[PDB]
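entry00.txt follows; it contains compact mmCIF, C-alpha atoms and all ligand atoms.
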# COMPACT_ATOMS: atom_id res chain seq x y z
CA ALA A 4 0.00 0.00 0.00
CA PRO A 5 1.10 3.65 -0.19
CA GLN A 6 3.28 4.16 2.87
CA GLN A 7 1.46 7.35 3.84
CA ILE A 8 -1.77 5.39 4.14
CA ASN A 9 -0.11 2.49 5.94
CA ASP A 10 1.55 4.79 8.44
CA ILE A 11 -1.37 7.12 9.02
CA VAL A 12 -3.75 4.22 9.61
CA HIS A 13 -1.46 2.12 11.81
CA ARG A 14 -0.18 5.04 13.92
CA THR A 15 -3.79 5.99 14.73
CA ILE A 16 -5.48 2.62 15.07
CA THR A 17 -2.86 0.66 17.04
CA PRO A 18 -3.10 2.95 20.09
CA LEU A 19 -6.88 3.11 19.75
CA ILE A 20 -7.13 -0.68 19.95
CA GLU A 21 -4.81 -0.72 22.97
CA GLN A 22 -6.58 2.09 24.82
CA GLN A 23 -10.09 0.82 24.12
CA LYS A 24 -9.28 -2.90 24.53
CA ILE A 25 -10.93 -3.71 21.21
CA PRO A 26 -10.82 -7.45 20.43
CA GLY A 27 -10.99 -7.13 16.65
CA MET A 28 -11.16 -4.35 14.10
CA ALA A 29 -11.31 -3.73 10.36
CA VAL A 30 -10.61 -0.40 8.66
CA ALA A 31 -10.99 0.70 5.04
CA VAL A 32 -9.62 3.93 3.64
CA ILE A 33 -11.14 4.95 0.34
CA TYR A 34 -8.71 7.24 -1.47
CA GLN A 35 -9.40 8.47 -5.02
CA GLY A 36 -11.61 5.54 -6.07
CA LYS A 37 -9.53 2.78 -4.50
CA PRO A 38 -9.94 1.01 -1.15
CA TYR A 39 -7.14 0.08 1.25
CA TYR A 40 -7.88 -2.50 3.93
CA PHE A 41 -6.46 -3.17 7.38
CA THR A 42 -7.41 -5.74 10.02
CA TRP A 43 -6.47 -6.54 13.62
CA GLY A 44 -7.29 -9.08 16.24
CA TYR A 45 -10.15 -11.47 16.63
CA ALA A 46 -13.60 -12.03 15.25
CA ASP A 47 -14.04 -14.90 17.72
CA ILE A 48 -11.72 -14.99 20.71
CA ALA A 49 -12.62 -18.48 21.91
CA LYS A 50 -12.24 -20.05 18.46
CA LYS A 51 -9.14 -17.95 17.67
CA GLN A 52 -10.70 -16.68 14.45
CA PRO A 53 -8.95 -13.55 13.12
CA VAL A 54 -10.68 -10.51 11.63
CA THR A 55 -10.39 -10.69 7.86
CA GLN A 56 -11.77 -8.67 4.94
CA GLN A 57 -14.69 -11.16 4.89
CA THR A 58 -15.62 -10.84 8.57
CA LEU A 59 -19.19 -9.64 9.17
CA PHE A 60 -19.71 -6.96 11.82
CA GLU A 61 -23.00 -5.64 13.22
CA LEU A 62 -23.24 -2.07 11.92
CA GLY A 63 -25.76 -1.05 14.53
CA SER A 64 -27.06 2.44 13.83
CA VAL A 65 -24.84 2.83 10.74
CA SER A 66 -27.71 0.76 9.27
CA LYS A 67 -29.79 3.96 9.20
CA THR A 68 -27.75 5.11 6.21
CA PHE A 69 -29.07 2.11 4.24
CA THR A 70 -32.58 2.90 5.48
CA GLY A 71 -32.25 6.51 4.41
CA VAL A 72 -31.00 5.59 0.91
CA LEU A 73 -33.73 2.95 0.50
CA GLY A 74 -36.25 5.65 1.41
CA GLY A 75 -34.58 8.01 -1.06
CA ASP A 76 -34.91 5.32 -3.75
CA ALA A 77 -38.65 4.96 -2.96
CA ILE A 78 -39.07 8.74 -3.40
CA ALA A 79 -37.21 8.55 -6.71
CA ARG A 80 -39.48 5.68 -7.79
CA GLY A 81 -42.52 7.92 -7.10
CA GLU A 82 -43.79 5.47 -4.43
CA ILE A 83 -43.64 7.90 -1.49
CA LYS A 84 -43.11 11.61 -0.81
CA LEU A 85 -41.42 12.95 2.31
CA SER A 86 -44.13 15.62 2.42
CA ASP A 87 -46.86 12.94 2.76
CA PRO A 88 -48.64 12.48 6.09
CA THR A 89 -47.61 9.36 8.00
CA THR A 90 -51.28 8.37 8.03
CA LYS A 91 -51.32 7.99 4.25
CA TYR A 92 -49.14 4.90 4.65
CA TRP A 93 -50.65 3.74 7.97
CA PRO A 94 -54.35 4.60 7.86
CA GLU A 95 -54.97 2.86 11.21
CA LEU A 96 -52.93 5.66 12.80
CA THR A 97 -56.03 7.78 13.48
CA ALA A 98 -54.99 9.62 16.66
CA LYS A 99 -55.06 13.41 16.28
CA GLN A 100 -51.45 14.05 17.31
CA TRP A 101 -50.42 12.47 13.99
CA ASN A 102 -52.04 15.31 12.05
CA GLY A 103 -49.11 17.15 10.58
CA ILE A 104 -46.46 14.46 11.20
CA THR A 105 -44.99 13.61 7.80
CA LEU A 106 -42.60 10.93 6.55
CA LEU A 107 -39.89 13.64 6.59
CA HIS A 108 -40.40 14.07 10.34
CA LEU A 109 -40.12 10.34 10.93
CA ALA A 110 -37.02 10.02 8.77
CA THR A 111 -35.19 12.89 10.47
CA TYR A 112 -36.20 12.44 14.16
CA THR A 113 -38.31 15.62 14.14
CA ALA A 114 -41.81 14.21 14.77
CA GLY A 115 -41.85 15.79 18.21
CA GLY A 116 -40.26 13.42 20.73
CA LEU A 117 -40.59 9.83 19.57
CA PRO A 118 -38.39 7.81 21.93
CA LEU A 119 -34.92 6.42 21.26
CA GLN A 120 -36.26 2.86 21.60
CA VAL A 121 -39.46 1.07 20.81
CA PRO A 122 -40.42 -0.41 24.19
CA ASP A 123 -39.24 -4.03 24.71
CA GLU A 124 -42.83 -5.00 25.55
CA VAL A 125 -43.82 -4.31 21.95
CA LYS A 126 -43.83 -7.84 20.54
CA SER A 127 -46.74 -7.87 18.13
CA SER A 128 -47.98 -5.75 15.26
CA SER A 129 -51.02 -4.80 17.36
CA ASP A 130 -48.64 -3.75 20.18
CA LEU A 131 -46.80 -1.49 17.72
CA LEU A 132 -50.00 0.18 16.55
CA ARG A 133 -51.07 0.84 20.15
CA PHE A 134 -47.65 2.30 20.93
CA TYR A 135 -47.76 4.85 18.14
CA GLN A 136 -51.46 5.61 18.64
CA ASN A 137 -50.90 6.34 22.35
CA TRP A 138 -47.60 8.21 22.02
CA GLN A 139 -47.86 11.88 23.00
CA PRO A 140 -45.47 14.40 21.43
CA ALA A 141 -43.62 16.82 23.65
CA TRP A 142 -43.14 19.22 20.73
CA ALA A 143 -44.85 20.37 17.57
CA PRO A 144 -43.60 18.62 14.42
CA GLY A 145 -40.49 20.02 12.82
CA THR A 146 -39.24 21.88 15.90
CA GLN A 147 -36.97 19.54 17.88
CA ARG A 148 -34.65 16.70 16.87
CA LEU A 149 -34.46 13.68 19.16
CA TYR A 150 -32.49 10.77 17.69
CA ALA A 151 -34.86 7.82 17.69
CA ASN A 152 -35.14 4.28 16.40
CA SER A 153 -38.89 4.52 16.84
CA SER A 154 -38.83 7.46 14.37
CA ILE A 155 -36.59 6.36 11.50
CA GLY A 156 -37.51 2.74 12.06
CA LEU A 157 -41.16 3.54 11.33
CA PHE A 158 -40.05 5.61 8.35
CA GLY A 159 -38.28 2.59 6.88
CA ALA A 160 -41.26 0.30 7.44
CA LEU A 161 -43.68 2.76 5.81
CA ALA A 162 -41.36 3.71 2.96
CA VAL A 163 -41.53 0.22 1.48
CA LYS A 164 -45.29 -0.28 1.87
CA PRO A 165 -46.37 0.94 -1.61
CA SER A 166 -43.88 -1.50 -3.20
CA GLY A 167 -45.52 -4.41 -1.42
CA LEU A 168 -42.03 -5.69 -0.54
CA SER A 169 -40.90 -6.52 2.97
CA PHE A 170 -38.27 -4.12 4.25
CA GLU A 171 -35.62 -6.88 3.92
CA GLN A 172 -36.69 -7.81 0.39
CA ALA A 173 -36.73 -4.14 -0.68
CA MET A 174 -33.30 -3.54 0.82
CA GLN A 175 -31.81 -6.63 -0.82
CA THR A 176 -33.25 -6.10 -4.27
CA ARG A 177 -33.08 -2.29 -4.47
CA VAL A 178 -29.89 -1.44 -2.59
CA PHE A 179 -27.66 -4.40 -1.79
CA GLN A 180 -27.94 -6.21 -5.11
CA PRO A 181 -27.51 -3.27 -7.51
CA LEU A 182 -24.47 -2.06 -5.54
CA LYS A 183 -23.02 -5.62 -5.45
CA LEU A 184 -22.99 -5.73 -1.66
CA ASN A 185 -23.11 -9.51 -1.69
CA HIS A 186 -21.92 -9.93 1.89
CA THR A 187 -24.27 -7.44 3.51
CA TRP A 188 -27.30 -8.79 5.35
CA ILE A 189 -30.27 -7.92 7.52
CA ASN A 190 -30.40 -11.56 8.62
CA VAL A 191 -27.08 -13.40 8.50
CA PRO A 192 -27.59 -16.57 6.39
CA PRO A 193 -26.17 -19.93 7.42
CA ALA A 194 -23.68 -19.73 4.53
CA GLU A 195 -22.05 -16.73 6.25
CA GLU A 196 -22.12 -17.87 9.85
CA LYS A 197 -18.41 -18.81 9.88
CA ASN A 198 -17.60 -15.19 9.00
CA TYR A 199 -19.95 -13.55 11.53
CA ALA A 200 -17.87 -12.01 14.31
CA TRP A 201 -18.97 -12.17 17.91
CA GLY A 202 -19.55 -8.87 19.65
CA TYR A 203 -17.98 -8.46 23.09
CA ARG A 204 -19.62 -6.75 26.03
CA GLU A 205 -18.25 -7.05 29.59
CA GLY A 206 -16.17 -9.98 28.39
CA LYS A 207 -19.11 -11.92 26.98
CA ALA A 208 -19.69 -12.89 23.35
CA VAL A 209 -22.96 -11.39 22.16
CA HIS A 210 -25.04 -10.82 19.04
CA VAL A 211 -27.77 -8.23 18.59
CA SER A 212 -31.11 -9.21 20.08
CA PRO A 213 -34.32 -9.24 18.02
CA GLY A 214 -36.51 -6.18 18.48
CA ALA A 215 -39.29 -4.21 16.84
CA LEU A 216 -38.03 -2.23 13.83
CA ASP A 217 -34.55 -3.67 14.31
CA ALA A 218 -33.87 -4.15 10.58
CA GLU A 219 -34.81 -0.55 9.83
CA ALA A 220 -32.96 1.10 12.71
CA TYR A 221 -29.87 -0.97 13.55
CA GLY A 222 -29.96 -4.40 11.95
CA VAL A 223 -27.49 -4.59 9.04
CA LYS A 224 -24.35 -6.75 9.16
CA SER A 225 -21.55 -6.21 6.62
CA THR A 226 -17.89 -6.75 5.77
CA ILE A 227 -15.19 -4.15 5.44
CA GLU A 228 -15.13 -4.69 1.67
CA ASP A 229 -18.85 -4.17 1.21
CA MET A 230 -18.68 -1.13 3.48
CA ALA A 231 -15.91 0.38 1.40
CA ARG A 232 -18.11 -0.17 -1.65
CA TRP A 233 -20.99 1.48 0.23
CA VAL A 234 -18.80 4.53 0.87
CA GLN A 235 -17.74 4.66 -2.79
CA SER A 236 -21.40 4.49 -3.86
CA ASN A 237 -22.23 7.46 -1.61
CA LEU A 238 -19.11 9.34 -2.83
CA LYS A 239 -19.99 8.85 -6.51
CA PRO A 240 -23.74 8.41 -6.89
CA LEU A 241 -23.68 9.33 -10.58
CA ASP A 242 -21.67 6.17 -11.31
CA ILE A 243 -24.66 4.10 -10.20
CA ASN A 244 -26.54 2.84 -13.24
CA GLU A 245 -29.97 2.44 -11.62
CA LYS A 246 -31.53 5.91 -11.88
CA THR A 247 -33.75 5.72 -8.80
CA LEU A 248 -30.90 4.47 -6.60
CA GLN A 249 -28.57 7.12 -8.00
CA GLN A 250 -31.18 9.72 -7.02
CA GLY A 251 -31.95 8.11 -3.66
CA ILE A 252 -28.32 8.27 -2.58
CA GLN A 253 -28.31 11.98 -3.33
CA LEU A 254 -31.60 12.59 -1.50
CA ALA A 255 -30.12 10.98 1.63
CA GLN A 256 -27.40 13.64 1.66
CA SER A 257 -29.76 16.57 1.24
CA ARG A 258 -29.75 18.95 4.20
CA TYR A 259 -33.23 19.03 5.76
CA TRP A 260 -32.59 20.50 9.23
CA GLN A 261 -29.75 22.25 11.05
CA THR A 262 -28.85 21.95 14.71
CA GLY A 263 -25.63 23.58 15.79
CA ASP A 264 -23.19 22.99 12.98
CA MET A 265 -24.69 19.75 11.77
CA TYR A 266 -27.26 19.02 9.11
CA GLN A 267 -29.64 16.10 9.16
CA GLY A 268 -29.97 13.95 6.00
CA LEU A 269 -31.81 10.64 5.61
CA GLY A 270 -29.70 8.48 7.92
CA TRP A 271 -26.52 10.38 7.04
CA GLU A 272 -25.51 13.50 8.97
CA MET A 273 -23.39 16.23 7.42
CA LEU A 274 -21.21 19.19 8.33
CA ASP A 275 -19.54 21.70 6.06
CA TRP A 276 -15.95 20.80 5.13
CA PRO A 277 -13.50 21.87 6.47
CA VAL A 278 -14.87 20.87 9.86
CA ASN A 279 -13.82 21.93 13.30
CA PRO A 280 -12.61 18.57 14.63
CA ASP A 281 -13.80 19.47 18.14
CA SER A 282 -17.31 19.89 16.80
CA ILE A 283 -17.53 16.43 15.23
CA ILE A 284 -15.55 14.71 17.99
CA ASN A 285 -17.42 16.28 20.92
CA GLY A 286 -20.67 16.33 18.96
CA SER A 287 -20.46 12.57 18.49
CA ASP A 288 -20.62 11.94 22.22
CA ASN A 289 -24.08 10.59 23.12
CA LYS A 290 -24.45 13.47 25.61
CA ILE A 291 -25.00 15.62 22.50
CA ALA A 292 -25.91 13.09 19.79
CA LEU A 293 -28.87 11.62 21.76
CA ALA A 294 -30.06 14.95 23.26
CA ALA A 295 -33.26 16.80 22.28
CA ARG A 296 -32.18 19.92 20.36
CA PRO A 297 -34.03 22.69 18.52
CA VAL A 298 -33.83 22.48 14.73
CA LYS A 299 -33.92 25.12 12.06
CA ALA A 300 -35.75 24.04 8.91
CA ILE A 301 -33.71 24.32 5.75
CA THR A 302 -36.40 25.66 3.45
CA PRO A 303 -36.02 24.13 0.93
CA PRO A 304 -33.44 21.44 1.72
CA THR A 305 -30.03 21.98 0.19
CA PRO A 306 -29.11 19.34 -2.38
CA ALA A 307 -26.16 17.16 -1.37
CA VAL A 308 -23.18 19.46 -0.75
CA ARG A 309 -19.85 18.28 -2.16
CA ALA A 310 -17.76 20.06 0.46
CA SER A 311 -19.18 18.12 3.38
CA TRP A 312 -18.00 15.76 6.07
CA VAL A 313 -20.71 13.08 5.77
CA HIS A 314 -20.85 10.50 8.55
CA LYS A 315 -22.68 8.15 10.89
CA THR A 316 -21.78 6.46 14.15
CA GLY A 317 -23.49 3.27 15.22
CA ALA A 318 -23.29 0.44 17.72
CA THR A 319 -24.97 -2.64 19.08
CA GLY A 320 -24.38 -4.13 22.52
CA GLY A 321 -21.18 -5.78 21.25
CA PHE A 322 -20.05 -3.69 18.28
CA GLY A 323 -19.02 -0.12 17.44
CA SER A 324 -18.78 1.31 13.92
CA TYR A 325 -18.17 4.57 12.15
CA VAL A 326 -18.25 5.74 8.56
CA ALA A 327 -17.18 9.17 7.27
CA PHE A 328 -16.49 10.58 3.81
CA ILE A 329 -15.83 13.85 1.99
CA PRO A 330 -17.35 13.91 -1.51
CA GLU A 331 -15.21 16.83 -2.74
CA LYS A 332 -12.04 14.85 -1.91
CA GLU A 333 -13.20 11.37 -3.05
CA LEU A 334 -12.06 10.29 0.39
CA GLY A 335 -13.64 8.11 3.05
CA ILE A 336 -13.11 5.71 5.95
CA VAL A 337 -14.95 2.78 7.50
CA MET A 338 -14.07 1.57 11.04
CA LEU A 339 -15.74 -1.66 12.24
CA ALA A 340 -15.04 -3.14 15.70
CA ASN A 341 -16.51 -5.89 17.84
CA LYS A 342 -16.70 -3.76 20.94
CA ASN A 343 -18.98 -0.76 21.56
CA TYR A 344 -16.29 1.81 22.48
CA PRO A 345 -17.04 5.52 22.85
CA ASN A 346 -18.10 7.52 19.77
CA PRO A 347 -15.60 10.37 20.26
CA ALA A 348 -12.68 7.91 20.09
CA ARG A 349 -14.02 6.69 16.72
CA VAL A 350 -14.47 10.16 15.30
CA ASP A 351 -11.12 11.40 16.60
CA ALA A 352 -9.31 8.50 14.92
CA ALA A 353 -11.20 8.98 11.66
CA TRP A 354 -10.49 12.69 11.52
CA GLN A 355 -6.79 12.16 12.23
CA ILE A 356 -6.61 9.70 9.36
CA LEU A 357 -8.66 11.67 6.83
CA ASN A 358 -7.11 15.01 7.72
CA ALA A 359 -3.62 13.58 7.19
CA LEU A 360 -4.66 12.24 3.77
CA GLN A 361 -6.82 15.05 2.36
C1 LIG B 401 -18.78 14.92 -5.89
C2 LIG B 401 -19.90 14.83 -6.91
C3 LIG B 401 -19.78 13.65 -7.83
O1 LIG B 401 -20.70 12.79 -7.90
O2 LIG B 401 -18.76 13.52 -8.55
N1 LIG B 401 -21.23 15.07 -6.41
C4 LIG B 401 -21.61 14.73 -5.07
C5 LIG B 401 -22.04 15.72 -4.20
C6 LIG B 401 -22.42 15.40 -2.90
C7 LIG B 401 -22.38 14.08 -2.48
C8 LIG B 401 -21.95 13.08 -3.34
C9 LIG B 401 -21.57 13.41 -4.64
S1 LIG B 401 -22.35 15.72 -7.41
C10 LIG B 401 -23.45 14.49 -8.05
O3 LIG B 401 -23.11 16.78 -6.80
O4 LIG B 401 -21.66 16.39 -8.49
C1 LIG B 402 -27.32 4.71 20.68
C2 LIG B 402 -27.40 3.65 19.63
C3 LIG B 402 -26.10 3.42 18.91
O1 LIG B 402 -25.01 3.71 19.48
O2 LIG B 402 -26.08 2.93 17.75
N1 LIG B 402 -27.90 2.42 20.17
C4 LIG B 402 -27.18 1.70 21.19
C5 LIG B 402 -27.55 1.88 22.52
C6 LIG B 402 -26.86 1.20 23.51
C7 LIG B 402 -25.83 0.34 23.20
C8 LIG B 402 -25.46 0.16 21.87
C9 LIG B 402 -26.13 0.84 20.87
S1 LIG B 402 -29.12 1.65 19.44
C10 LIG B 402 -28.51 0.55 18.20
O3 LIG B 402 -29.87 0.89 20.41
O4 LIG B 402 -29.90 2.69 18.81
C1 LIG B 403 -28.43 -2.69 20.51
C2 LIG B 403 -29.22 -3.87 21.03
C3 LIG B 403 -28.49 -5.20 21.14
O1 LIG B 403 -29.07 -6.24 21.57
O2 LIG B 403 -27.30 -5.31 20.79
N1 LIG B 403 -29.94 -3.53 22.22
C4 LIG B 403 -31.31 -3.12 22.19
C5 LIG B 403 -32.23 -3.65 23.09
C6 LIG B 403 -33.55 -3.22 23.04
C7 LIG B 403 -33.96 -2.28 22.11
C8 LIG B 403 -33.05 -1.75 21.21
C9 LIG B 403 -31.74 -2.18 21.26
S1 LIG B 403 -29.06 -2.94 23.46
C10 LIG B 403 -29.19 -1.18 23.45
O3 LIG B 403 -29.58 -3.45 24.71
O4 LIG B 403 -27.70 -3.42 23.51
Go ahead and render the structure in this file as structure tokens.
Ligand SMILES: C[C@@H](C(=O)O)N(c1ccccc1)S(C)(=O)=O
Ligand SMILES: C[C@@H](C(=O)O)N(c1ccccc1)S(C)(=O)=O
Ligand SMILES: C[C@@H](C(=O)O)N(c1ccccc1)S(C)(=O)=O
Amino acid sequence: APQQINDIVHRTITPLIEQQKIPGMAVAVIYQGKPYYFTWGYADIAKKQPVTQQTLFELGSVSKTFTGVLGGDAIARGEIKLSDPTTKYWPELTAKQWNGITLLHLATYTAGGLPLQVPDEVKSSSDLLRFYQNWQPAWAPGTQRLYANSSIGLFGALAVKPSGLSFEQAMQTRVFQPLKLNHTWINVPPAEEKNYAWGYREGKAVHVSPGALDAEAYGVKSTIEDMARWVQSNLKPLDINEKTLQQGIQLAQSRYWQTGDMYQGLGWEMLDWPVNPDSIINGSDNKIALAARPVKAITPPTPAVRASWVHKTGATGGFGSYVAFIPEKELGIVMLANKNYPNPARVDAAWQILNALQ
């Protein structure tokens, strides 16, 4: 590999792994249309299985970027509009607080205080309906952002309804397959089980537990190679042959809301490049990232801005991931680990690497 890339990546990631006690890690740097891969440690400690370029990691909330692009593709297909009322796609949602809550609000966490999690007690479809029917907003729509699986997860479920496809079938056929992400999964198939890393939490091997809206909010598993291809697809949407997917990728990077110095896309979040590293590093801490914050509407949304830092953190109980890229520089990074270690450590490492290369 180019020595600059080798050195920049190793000098940043080796200490990170040591400090954070990460059992296994894979990193991709995407530099001018080419990926460079690096791996460390163990996918399975007990079985002594190393992390390889074929190891599957749980992406956790990085999955929301796939959800956002799938939703973008459904808009491009003319199947949904972000301006449509939620009730158009879920007519059983008759409670009055839903008047004025659109798919845009669901997609961007601005419905007015939908909770981070769907309650664990929600086990059935009828339970889910009751939950949303009985939910009371703290805020008028389009006024406060509160990061929420119950928000974007419902967006993903509704976005695919006109197609008649299940969320998994829509994702596979409309996103994974056209982009040749052949080792990216909502449900890991038996053929891939030998590559599926264990997550580690408090010294125990764990995989993500089933939950309502899991696929839509945090349920994708992928390899470092497929994730590098995902970054390249989001860096160069016009190279995608399928018109609706090409458009959907771009719609996910449109800037719909601003809070502080960040802009909310569909799944993706964006800041102007060059960024203040303190703002992305400190801003990534859950003390800010999961907080309720006022939003300014961007009226109308800015189309995807080339000079942006585009990124997403995400975790499950046993995994921690980060993806960031800068379209104007054709530059990106993917960091996948089988421990949920703090967001700011991820973002700090990514910025050190990308800043040294840009
Ligand atoms: C960088 C550029 C491209 O596709 O070559 N564009 C882009 C802008 C934002 C995000 C991703 C790509 S584009 C289609 O505006 O010219
Ligand atoms: C906060 C969020 C994430 O970091 O991806 N979630 C999480 C919460 C606790 C532990 C691990 C992850 S999630 C996937 O539940 O939304
Ligand atoms: C992330 C997930 C998991 O099992 O890994 N968990 C979860 C549990 C209930 C609802 C949503 C997510 S978690 C946060 O306990 O680790």
**OP:** Find, counting all atoms listed in the file, the residue in A:253, A:316, A:166, A:35 that gets nearest to ligand LIG 402 (chain B).
**Re:** A:316
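Nearest to residue 206 of chain A of all the residues A:119, A:191, A:62, A:25 is A:25, counting only C-alpha atoms.
Between atom CA of residue 84 of chain A and atom CA of residue 141 of chain A the interatomic distance comes to 25.0 Å.
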**OP:** All residues within 12 Å of ligand LIG 403 (chain B) are required, counting all atoms listed in the file; please report them as number ranges by chain.
**Re:** A: 60-66, 118-126, 151-153, 156, 201-205, 208-223, 317-323, 341-343
Pull the closest atom pair for each residue of chain A that gets at most 12 Å from ligand LIG 401 (chain B), along with the distance in Å to one decimal, counting all atoms listed in the file, ordering rows by chain and then ascending residue number, as CSV.
residue,atom,partner,partner_atom,distance
A:35,CA,B:LIG401,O2,11.2
A:36,CA,B:LIG401,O2,11.0
A:234,CA,B:LIG401,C8,10.0
A:235,CA,B:LIG401,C8,9.4
A:236,CA,B:LIG401,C8,8.6
A:237,CA,B:LIG401,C8,5.9
A:238,CA,B:LIG401,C8,4.7
A:239,CA,B:LIG401,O1,4.2
A:240,CA,B:LIG401,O1,5.4
A:241,CA,B:LIG401,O1,5.3
A:242,CA,B:LIG401,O1,7.5
A:243,CA,B:LIG401,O1,9.8
A:249,CA,B:LIG401,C10,9.0
A:250,CA,B:LIG401,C10,9.1
A:251,CA,B:LIG401,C8,11.2
A:252,CA,B:LIG401,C8,8.0
A:253,CA,B:LIG401,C7,6.3
A:254,CA,B:LIG401,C7,9.4
A:255,CA,B:LIG401,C7,9.3
A:256,CA,B:LIG401,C7,6.5
A:257,CA,B:LIG401,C6,8.5
A:258,CA,B:LIG401,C6,10.8
A:268,CA,B:LIG401,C7,11.4
A:271,CA,B:LIG401,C7,11.0
A:272,CA,B:LIG401,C7,11.9
A:273,CA,B:LIG401,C7,10.2
A:274,CA,B:LIG401,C6,11.9
A:275,CA,B:LIG401,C6,11.3
A:276,CA,B:LIG401,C6,11.6
A:305,CA,B:LIG401,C6,10.5
A:306,CA,B:LIG401,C6,7.8
A:307,CA,B:LIG401,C6,4.4
A:308,CA,B:LIG401,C6,4.7
A:309,CA,B:LIG401,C6,3.9
A:310,CA,B:LIG401,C6,7.4
A:311,CA,B:LIG401,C6,7.6
A:312,CA,B:LIG401,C7,9.8
A:313,CA,B:LIG401,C7,8.5
A:314,CA,B:LIG401,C7,11.7
A:328,CA,B:LIG401,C7,9.3
A:329,CA,B:LIG401,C7,7.9
A:330,CA,B:LIG401,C1,4.7
A:331,CA,B:LIG401,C1,5.1
A:332,CA,B:LIG401,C1,7.8
A:333,CA,B:LIG401,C1,7.2
A:334,CA,B:LIG401,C1,10.3
A:335,CA,B:LIG401,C8,11.6
Only N, CA and C atoms, as a PDB file, in the first residue's frame: that is what I want for segment 261-272 of chain A.
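Final file, out_17.pdb:
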ATOM      1  N   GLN A 261     -31.033  21.911  10.436  1.00  0.00           N
ATOM      2  CA  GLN A 261     -29.750  22.249  11.050  1.00  0.00           C
ATOM      3  C   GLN A 261     -29.910  22.311  12.559  1.00  0.00           C
ATOM      4  N   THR A 262     -28.997  21.668  13.284  1.00  0.00           N
ATOM      5  CA  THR A 262     -28.845  21.951  14.712  1.00  0.00           C
ATOM      6  C   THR A 262     -27.368  22.124  14.991  1.00  0.00           C
ATOM      7  N   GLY A 263     -27.025  23.243  15.608  1.00  0.00           N
ATOM      8  CA  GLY A 263     -25.629  23.584  15.795  1.00  0.00           C
ATOM      9  C   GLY A 263     -24.976  23.657  14.430  1.00  0.00           C
ATOM     10  N   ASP A 264     -23.855  22.965  14.269  1.00  0.00           N
ATOM     11  CA  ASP A 264     -23.190  22.988  12.975  1.00  0.00           C
ATOM     12  C   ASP A 264     -23.456  21.725  12.165  1.00  0.00           C
ATOM     13  N   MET A 265     -24.419  20.919  12.580  1.00  0.00           N
ATOM     14  CA  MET A 265     -24.690  19.748  11.766  1.00  0.00           C
ATOM     15  C   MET A 265     -26.012  19.840  11.034  1.00  0.00           C
ATOM     16  N   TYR A 266     -26.093  19.077   9.961  1.00  0.00           N
ATOM     17  CA  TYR A 266     -27.262  19.023   9.113  1.00  0.00           C
ATOM     18  C   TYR A 266     -27.743  17.596   9.068  1.00  0.00           C
ATOM     19  N   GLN A 267     -29.047  17.434   9.178  1.00  0.00           N
ATOM     20  CA  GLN A 267     -29.645  16.104   9.157  1.00  0.00           C
ATOM     21  C   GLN A 267     -30.069  15.703   7.740  1.00  0.00           C
ATOM     22  N   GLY A 268     -29.548  14.576   7.255  1.00  0.00           N
ATOM     23  CA  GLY A 268     -29.974  13.952   6.000  1.00  0.00           C
ATOM     24  C   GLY A 268     -30.931  12.810   6.286  1.00  0.00           C
ATOM     25  N   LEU A 269     -31.041  11.867   5.359  1.00  0.00           N
ATOM     26  CA  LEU A 269     -31.812  10.637   5.611  1.00  0.00           C
ATOM     27  C   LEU A 269     -30.782   9.596   6.058  1.00  0.00           C
ATOM     28  N   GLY A 270     -30.701   9.397   7.368  1.00  0.00           N
ATOM     29  CA  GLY A 270     -29.700   8.484   7.919  1.00  0.00           C
ATOM     30  C   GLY A 270     -28.349   9.171   8.086  1.00  0.00           C
ATOM     31  N   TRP A 271     -27.750   9.605   6.975  1.00  0.00           N
ATOM     32  CA  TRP A 271     -26.517  10.380   7.040  1.00  0.00           C
ATOM     33  C   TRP A 271     -26.708  11.702   7.791  1.00  0.00           C
ATOM     34  N   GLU A 272     -25.618  12.148   8.421  1.00  0.00           N
ATOM     35  CA  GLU A 272     -25.508  13.497   8.970  1.00  0.00           C
ATOM     36  C   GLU A 272     -24.342  14.190   8.300  1.00  0.00           C
TER      37      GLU A 272
END
